[PDB]
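Below is one structure, written out as structure tokens; comments come after it.
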Ligand SMILES: *[C@@H]1O[C@@H](CO)[C@@H](O)[C@H](O)[C@H]1NC(C)=O
Ligand SMILES: [Zn+2]
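In the authors' numbering, the protein residues as written are 30 to 1045.
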């Protein structure tokens, strides 16, 4: 019995949308605690029978790339921190240290001699060094897809289980720029019991602190019962550095950062330095410090207090270890021996803190509030909202989603077989997982690293894409060649991948042309892969060297095809126009591929001397004044010309779209007899403030509402075909394309902001929809959350991450925009949606990056636009914090994130070729996905194991019967199953041994993991 995620509004103590609606967000000077108030406490609260227990938790925040690359920081800082931690913890048995970033720890450990590896294991086993979270990185929470948050968590935790024999159950997220409930969702299903967060809006910290609601049971927005709840501690102050972690007054706390006395090149901004603790000052110093602790303790419900002790790349120098430890040891000895304080203070770990808090809870000392919602958009001070990084470095944001899919496909394709070690499959997959995992760092995908660090991430992701291609193409060859003929060279390229949308037309010529000719090669095999667990049709396209090409399946059945020219757009520096040129020797062929669930389908492209019976040719119309000719070689239809004009197009029995004379959508008509609904695309620009704070990689500080881009008289190209039609327009900084294939349109923007300094380009949709102040945005590609535009907050606070889509609706109509890349967006007026495309900023925004964003490069952004009637849909009530996609919008999102993969056979003849793989795979209900399929064992293992992550979304019921489907039992996808277990999502703990070796499907909004074991 599944929980209903639509109809029951959860009763929680704190619901963030409701809290936002009531809160005033005034930025008043609260005294030494600038964004709070002067905290008072009753000295009589703690006594002999009830002491304040204080855990001082040493830590070192190590960014895997930011101002330096991963490898530069490793060489210059992290290897020294870890080596000195090993020495100092070994030598000082009461000292403690927590570590978060497993990418660095693995880089260090694998360079240690055996003697030191053993010492390291002993300080972990004895509890002195404790891993927190245990992910490869500490991920961004705004732009990251949940599948990649899980990937990186699994990469780090798998490493820790194998080498350190530990699995963290407490998470530490001190630096991502705002926080998502996707984290507790994944963590709770991965064995965690507690989590800590820090970067939340200063007004939220004040509000929750006043009510002692900084520790809470964080449940999902739709969860009525509470089974998703994860205990969460929110830190109360402005930073995680020592000045902001001992108590409310940084001028005092800074005196207890013993690295700031001078010799380390650090000082206290508040102008009172630390002083070495001695017998003649320890009483006074302890009085000051305990007073700060007791104030901090007033904000929480138990008598157990967490005091983090650390900062960025701390605990490097031996002298720094000594100066912090010895001074703190003298404070503890004095405080703990002086009964009047009623304090017991010690170095601790994060787990120790949480264990003690829950001991207090069980003693009945405290009850904790329940909370749902998210913690975007973050502001650390004043109006400085961190919504810029929702868009910064959008080329790499898009590359993240391409690689996400490539990793899933490579792991799935190669999972079907066991591979000899010589094939290097595990090596290539581990490289690809680790590079993608690294980029989930909160300075990777966020676009907040220095230029040369961004280059490092890009090069690492390119290597990862090449690794995935290699694994995928070896796997396709194996899966589709008769076994007694299969003769692999594991270094050879049997297929190359063809990707139409990455890096994308005008980003890179990387697309191979299939070269056919009477005197060279009559035909070519191509293969499509479908990673989704249902039968899928999708139009696919290839470049070919003749327009006279026909398509057949591998029963030699003709397949209907359409040939179109290859159009590229050029900024003509001579005519000062942006206009398309057609190839006279290469052509695009398009046809519908039909591919089994988690399967492969082979087709053949064959040249002929003349127009093939089953291939049609698109017409082309170039709208511009002063046209010049556009020859297209042997292409059978001549290009037509016209002055700019409004136009209408309809493909299949799909919607009719109307366009303005500037080539931009103006209306959509869903059916023949239905109305033309206004839906108007517009491009605008935001600028930067000439006074006060400047936008940069993190902050979005616009100088007012956006202004329309001046379009001039742009060139519009219309291609009209039986299978696919398009309207493309060359605008300043954007080649904008609307593509129609018979359902919701696809939008592609080739965005090149060029040298336009201090500019952010936004794409806006204007409609009639009576949405008011409500809109919906997704969180990590997992869930859609209700947003409310608040006029009490500035424009940039009303921007939210759009990691995979957004929608507005009224009683009757919804408009959903799905994205193939995370970007920032909002609805700034009723009936509007907007999403930022790129931003180029000359200034640093004072958050430590030390540069602007001036390294833009052309990026192809992709979208689907779904207009729907929703008056018949069963939707949540007005007080529910969630929203849900329709079937068509979810499928559209899947078309963007997990398209069919296209392979071109590399050599002239494929001996032993087969037509299909996976025809007998179950075609699962449309809301179910196999998010992960990964073989967990190498070929020498007697018992093979394959792990699956299933996810079931929740789609709106809108009266479509859409019925008969097959049960998917992932445990029987591979033969000879001997056991099926439900596991944590990382595959690291068995939770249930499943009857009959059958893996049940999951409920709406649930995710489960299963491991099947196979005798081999
Ligand atoms: C892994 O940790 C413990 C189980 O949680 C021990 O019981 C087990 O022996 C250990 N493995 C070792 C120490 O190699
Ligand atoms: Zn950081």
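Cβ atoms here follow ideal geometry from the backbone N, Cα and C, with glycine treated the same way.
Contact under 8 Å by Cβ, residue 882 with residue 421: yes
CB of residue 301 within 8 Å of CB of residue 389, strictly: no
Would residue 104 be called buried (16 or more neighbouring beta carbons within 10 Å of its own) or exposed? exposed
For residue 1008 and residue 1042, believed in contact at Cβ under 8 Å, the rounded distance: 4 Å
Consider the C-beta atom of residue 1019 and the heavy atoms of ligand 4; say whether any pair is separated by less than 7 Å. This structure simply doesn't include ligand 4; it includes ligand 1 and ligand 2 instead.
Cβ-heavy atom distance, residue 155 to ligand 1, below 7 Å: no
Can you list, in chain order, every residue whose CB sits closer than 5 Å to a heavy atom of ligand 2? 92, 204
Is it the case that the CB of residue 194 approaches a heavy atom of ligand 1 more closely than 7 Å? yes
Could you check where the beta strand (DSSP E) with residue 991 kicks off and where it finishes? Residue 991 -> no beta strand (DSSP E), and no H or E assigned at all.
Which whole-angstrom value describes the C-beta separation of residue 814 and residue 805, a residue pair presumed to lie in contact below a C-beta threshold of 8 Å? 7 Å
Taking residue 207 as the reference, give the member of 919, 341, 417, 865 with the closest Cα. 417
Specify, as a first and last residue, the run of the beta strand (DSSP E) that residue 246 falls within. 244-247
Alpha carbon to alpha carbon, what distance is there between residue 470 and residue 184? 13 Å
If residue 479 sits next to residue 943, beta carbons under 8 Å apart, how far is it from one beta carbon to the other, in whole angstroms? Not quite, the Cβ-Cβ distance comes to about 49 Å (not below 8 Å), so this is no contact.
Contact the segment 448-455 vs the segment 70-79: 3+ CB pairs below 8 Å: no
State the start and end residues of the unbroken alpha helix (DSSP H) segment that holds residue 490. 480-508
Close-in-space but distant-in-sequence residues of the same chain around residue 200 (CB under 8 Å, 5 per side omitted): 161, 162, 212, 216, 221, 223, 224, 225
Please check the pair residue 853 and residue 419, which I expect to be a contact at CB under 8 Å, by giving their CB distance rounded to whole angstroms. 3 Å
On a CA-only basis, which of 685, 677, 722, 760 is nearest residue 714? Give me that one, please. 760
When the Cα of residue 932 is compared with those of 321, 500, 65, which residue comes out closest? 500
Rounded distance between the beta-carbons of residue 720 and residue 345, thought under 8 Å: The pair is not a contact, with the Cβ atoms about 40 Å apart (cut-off 8 Å).
Please list, in chain order, all residues of the same chain as residue 234 whose beta carbon is under 6 Å from its beta carbon, the five residues on each side excluded. 265
Determine the extent of the alpha helix (DSSP H) in which residue 188 is found, giving its start and end residues. 175-193
Straight-line gap, residue 391 to residue 789 (C-alpha atoms, nearest Å): 52 Å
For a quick check, are the C-beta atoms of residue 425 and residue 364 less than 8 Å apart? no
Extent of the continuous alpha helix (DSSP H) to which residue 359 belongs: 347-366
At the level of alpha carbons, what is the spacing between residue 786 and residue 428? 24 Å
Have a look at 844, 865, 278 and flag the residue whose alpha-carbon is nearest the alpha-carbon of residue 859. 844
From residue 170 to residue 863, what distance separates their C-alpha atoms? 21 Å
Would you mind working out which of 514, 564, 870, 343 sits nearest residue 114, comparing C-alpha positions? 343
Secondary structure of residue 999, DSSP reduced to three states: helix
Work out the CA separation of residue 674 and residue 611 for me, nearest whole Å. 22 Å
Cut-off 7 Å between Cβ atoms - residues of its own chain near residue 127, not counting five sequence neighbours on either side: 86, 88, 159, 161, 201, 378, 379
Measuring CB to CB, does residue 686 end up less than 8 Å from residue 769? yes
Tell me, please, which residues DSSP counts as bridged to residue 601. 606
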